[PDB]
Structures are given as structure tokens and as C-alpha cells.
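Text of the file input-v9.cif, holding mmCIF, C-alpha atoms:
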data_structure
#
loop_
_atom_site.label_atom_id
_atom_site.label_comp_id
_atom_site.auth_asym_id
_atom_site.auth_seq_id
_atom_site.Cartn_x
_atom_site.Cartn_y
_atom_site.Cartn_z
CA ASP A 3 31.66 -28.26 -20.10
CA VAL A 4 28.29 -26.98 -21.31
CA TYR A 5 27.07 -23.88 -23.14
CA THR A 6 24.52 -22.33 -20.78
CA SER A 7 24.25 -19.22 -18.62
CA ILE A 8 21.98 -17.97 -15.83
CA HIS A 9 18.66 -16.30 -16.61
CA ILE A 10 17.48 -13.06 -15.01
CA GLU A 11 13.86 -12.47 -14.00
CA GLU A 12 12.25 -9.03 -13.81
CA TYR A 13 9.08 -8.28 -11.84
CA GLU A 14 7.17 -5.00 -11.71
CA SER A 15 5.09 -3.42 -8.95
CA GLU A 16 3.73 0.13 -8.75
CA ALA A 17 1.12 1.66 -6.44
CA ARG A 18 -1.68 2.66 -8.80
CA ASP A 19 -4.13 5.31 -7.61
CA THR A 20 -7.63 3.96 -6.97
CA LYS A 21 -10.90 5.55 -8.08
CA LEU A 22 -11.99 5.81 -4.45
CA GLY A 23 -9.42 8.46 -3.60
CA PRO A 24 -6.10 6.95 -2.45
CA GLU A 25 -3.73 8.54 0.06
CA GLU A 26 -0.75 6.23 0.57
CA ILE A 27 0.48 2.70 -0.13
CA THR A 28 -0.18 0.07 2.53
CA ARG A 29 0.10 -3.68 3.13
CA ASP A 30 -2.98 -5.84 3.71
CA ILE A 31 -2.59 -9.51 2.81
CA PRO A 32 -5.30 -11.37 4.77
CA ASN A 33 -5.33 -15.17 4.95
CA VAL A 34 -1.60 -15.13 4.25
CA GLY A 35 0.98 -17.56 5.60
CA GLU A 36 3.53 -16.68 8.27
CA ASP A 37 6.30 -17.94 5.99
CA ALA A 38 5.45 -15.41 3.29
CA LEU A 39 5.90 -12.68 5.89
CA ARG A 40 8.82 -14.35 7.67
CA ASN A 41 11.28 -12.18 5.75
CA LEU A 42 9.02 -9.17 5.22
CA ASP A 43 10.14 -6.17 7.28
CA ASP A 44 8.18 -3.37 8.95
CA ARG A 45 8.27 -1.62 5.57
CA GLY A 46 6.14 -4.37 4.06
CA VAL A 47 8.77 -5.66 1.64
CA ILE A 48 10.81 -8.86 1.59
CA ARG A 49 14.54 -8.44 2.24
CA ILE A 50 17.26 -9.60 -0.14
CA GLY A 51 18.63 -13.13 0.12
CA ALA A 52 15.17 -14.60 0.67
CA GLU A 53 13.80 -17.52 -1.34
CA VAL A 54 10.47 -17.51 -3.18
CA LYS A 55 7.35 -19.66 -2.93
CA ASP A 56 3.79 -19.83 -4.26
CA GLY A 57 1.40 -17.28 -2.79
CA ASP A 58 4.37 -15.08 -1.93
CA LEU A 59 3.81 -11.67 -3.54
CA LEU A 60 6.96 -10.38 -1.84
CA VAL A 61 5.34 -6.95 -2.07
CA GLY A 62 2.73 -5.05 -0.09
CA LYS A 63 0.33 -3.18 -2.36
CA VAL A 64 -3.31 -2.50 -1.49
CA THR A 65 -5.61 0.45 -2.14
CA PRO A 66 -8.69 1.61 -0.18
CA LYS A 67 -12.15 0.42 -1.21
CA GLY A 68 -15.52 2.16 -1.29
CA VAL A 69 -18.44 1.90 1.12
CA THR A 70 -21.18 0.35 -1.01
CA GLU A 71 -18.58 -1.96 -2.55
CA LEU A 72 -18.79 -3.95 0.68
CA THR A 73 -20.88 -7.12 0.77
CA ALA A 74 -23.79 -8.25 2.94
CA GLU A 75 -21.36 -10.58 4.73
CA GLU A 76 -19.44 -7.54 5.98
CA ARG A 77 -22.64 -5.99 7.33
CA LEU A 78 -23.43 -8.95 9.58
CA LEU A 79 -19.73 -9.42 10.34
CA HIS A 80 -20.03 -6.26 12.45
CA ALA A 81 -21.78 -8.26 15.17
CA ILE A 82 -19.35 -11.14 14.70
CA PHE A 83 -16.14 -9.17 15.21
CA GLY A 84 -17.84 -6.49 17.28
CA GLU A 85 -16.22 -3.69 15.30
CA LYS A 86 -16.08 -2.76 11.61
CA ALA A 87 -12.89 -3.51 9.68
CA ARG A 88 -11.25 -1.55 6.86
CA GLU A 89 -11.53 -3.32 3.50
CA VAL A 90 -9.05 -2.95 0.65
CA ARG A 91 -8.19 -4.54 -2.70
CA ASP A 92 -5.24 -6.82 -3.44
CA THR A 93 -3.27 -4.99 -6.14
CA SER A 94 0.01 -6.69 -5.26
CA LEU A 95 2.07 -8.69 -7.76
CA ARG A 96 1.41 -12.39 -8.32
CA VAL A 97 4.25 -14.88 -7.85
CA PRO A 98 4.26 -18.36 -9.45
CA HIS A 99 4.91 -21.56 -7.51
CA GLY A 100 8.59 -22.25 -6.87
CA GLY A 101 9.69 -19.00 -8.46
CA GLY A 102 12.56 -20.72 -10.23
CA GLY A 103 15.18 -18.58 -8.53
CA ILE A 104 15.88 -16.59 -5.38
CA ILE A 105 15.64 -12.90 -4.47
CA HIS A 106 19.22 -11.72 -4.92
CA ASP A 107 18.47 -8.13 -5.93
CA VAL A 108 15.57 -5.69 -5.63
CA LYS A 109 15.17 -2.16 -6.99
CA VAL A 110 12.86 0.34 -5.30
CA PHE A 111 12.34 3.97 -6.31
CA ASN A 112 10.65 6.61 -4.16
CA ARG A 113 9.32 10.04 -5.13
CA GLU A 114 10.74 11.43 -1.89
CA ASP A 115 14.19 10.66 -3.29
CA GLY A 116 13.44 12.92 -6.24
CA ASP A 117 12.45 10.33 -8.82
CA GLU A 118 9.66 11.42 -11.18
CA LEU A 119 6.84 8.96 -11.84
CA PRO A 120 4.10 8.52 -14.48
CA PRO A 121 0.46 9.62 -14.08
CA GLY A 122 -1.49 7.27 -11.84
CA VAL A 123 1.57 5.81 -10.11
CA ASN A 124 2.76 6.66 -6.60
CA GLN A 125 5.72 4.29 -6.28
CA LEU A 126 7.88 1.91 -8.32
CA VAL A 127 9.59 -1.31 -7.22
CA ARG A 128 10.95 -4.25 -9.21
CA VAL A 129 12.28 -7.65 -8.13
CA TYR A 130 15.21 -9.59 -9.56
CA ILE A 131 15.31 -13.39 -9.50
CA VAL A 132 18.23 -15.47 -10.78
CA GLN A 133 17.32 -18.83 -12.31
CA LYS A 134 19.43 -21.67 -10.91
CA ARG A 135 20.04 -24.85 -12.91
CA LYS A 136 22.34 -27.81 -12.28
CA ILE A 137 23.10 -30.99 -14.22
CA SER A 138 21.37 -34.25 -13.29
CA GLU A 139 23.12 -36.49 -10.77
CA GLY A 140 22.30 -40.15 -10.17
CA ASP A 141 21.83 -41.29 -13.76
#
Translate this structure into C-alpha cells?
Amino acid sequence: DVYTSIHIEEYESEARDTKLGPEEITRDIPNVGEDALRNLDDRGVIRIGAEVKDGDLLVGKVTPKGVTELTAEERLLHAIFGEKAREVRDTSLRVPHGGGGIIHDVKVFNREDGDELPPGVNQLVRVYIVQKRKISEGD
């Protein structure tokens, strides 16, 4: 007996071409939790019906970096790890703590399907989160 509906969130995420000469979209989220990738598939995207939490981008977007861009720490790290490691930038989407809702729907467009895209973009994917709210019980 209340006048209120459910809200609908809309997130954006497109693979922007880097100035270092990109080739394809990849997923590289270092220092990430296992829970954030507990639903993520081999494609690098979270499946539908999965909740949302802080630090969970729910999307794998990272472009290649340059050579000089590296830091002195990476130079010495060579002897630490024994072998150089590819370095990229985190261009994925940022997700707030809690999220408010849950991943119930997700739209993803691919050029291979025949969908035209703007200049500088390689892919397009949006997330849909439904806000859930319930009255207060106990008082």
C-alpha cells in the first residue's frame, strides 16, 4: 500500500583504442579478489543473476601500455620474477560498494555481429542493475 516502483541502473563500458597501438580487448585485473571473478566466465564477463560488490568491475577492459611508461620497479622486478611481465592499464568500469541492486540483465554488442561503432571504440557493453527496496520490519 505504497506509491513506489523499482529503479533501473545503466552502466557503460567500451574498449577505447589506446595511443600505444591496440589490437584487441583483454582482461587484466591484478590484485583482484577471487569473489569478483567467481562468476566471471572465460570470456572475462560476469554472468547474469550475479550480485554486485565493491571493487567488482564486472567487466574486463585493459589496453596495452608503452615501454618507457614502465617504472624502475618493473626493471628490478625482472630479477625478482625471473621473467618480464606484460603491463597494461585498467580502463574497466568502476562499481560502487554494495551496488544497490543485482545483475539481472546485461547488453553486449559486437562488431562481428554487424553492429557499427563510433570512432575510437572497438566494443560496447552495458550492465543493468535493478534497485531493491523493502519496508522496515521490527519497528
TODO: Report the residues retrieved by the PyMOL selection byres ((chain A and resi 46-62) around 8) from the displayed file, expressed as number ranges by chain.
DONE: A: 15, 28-31, 34, 38-39, 41-45, 63-64, 94-101, 103-108
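Ranking A:102, A:35, A:24, A:66 by their shortest atom-to-atom distance to residue A:11, with all atoms listed in the file included, puts A:102 first.
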Task: For atom CA of residue A:5 and atom CA of residue A:128, the interatomic separation in Å (one decimal) - done: 29.0 Å
Task: Nearby residues (all atoms listed in the file) at most 12 Å from residue A:136, same-chain spacing under 6 positions excluded, as number ranges by chain - done: A: 4, 6-8
- [ ] Find the residues around stretch 70-76 of chain A up to 12 Å (only C-alpha atoms counted), leave out those fewer than 4 positions away in its own chain, and share them as a PyMOL selection string.
- [x] chain A and resi 22+66+80-91
Open item on the list: Could you tell me how far atom CA of residue A:124 sits from atom CA of residue A:111, in Å to one decimal place?
Closed with: 10.0 Å
- [ ] Measure the distance from atom CA of residue A:3 to atom CA of residue A:139 in Å and round it to one decimal.
- [x]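 Result for atom CA of residue A:3 versus atom CA of residue A:139: 15.1 Å, one decimal.
When all atoms listed in the file are used to compute distances to residue A:16, the closest of the residues A:33, A:65, A:138, A:133 turns out to be A:65.
Shortest separation to residue A:131 among A:23, A:109, A:78, A:32 occurs at residue A:109, atoms counted being all atoms listed in the file.
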TODO: List every protein, DNA or RNA residue that has an atom no more than 6 Å from (8.0, 1.9, -6.2) in the file's coordinate frame, counting all atoms listed in the file, and report them as a VMD selection string.
DONE: chain A and resid 16 110 to 112 125 to 127
Given 4 Å on each side, where is the centre and what are the edge lengths in Å to one decimal of the axis-aligned box enclosing the listed atoms of stretch 6-25 of chain A, as JSON?
{"center_x": 6.3, "center_y": -6.9, "center_z": -10.4, "size_x": 44.5, "size_y": 38.9, "size_z": 28.8}
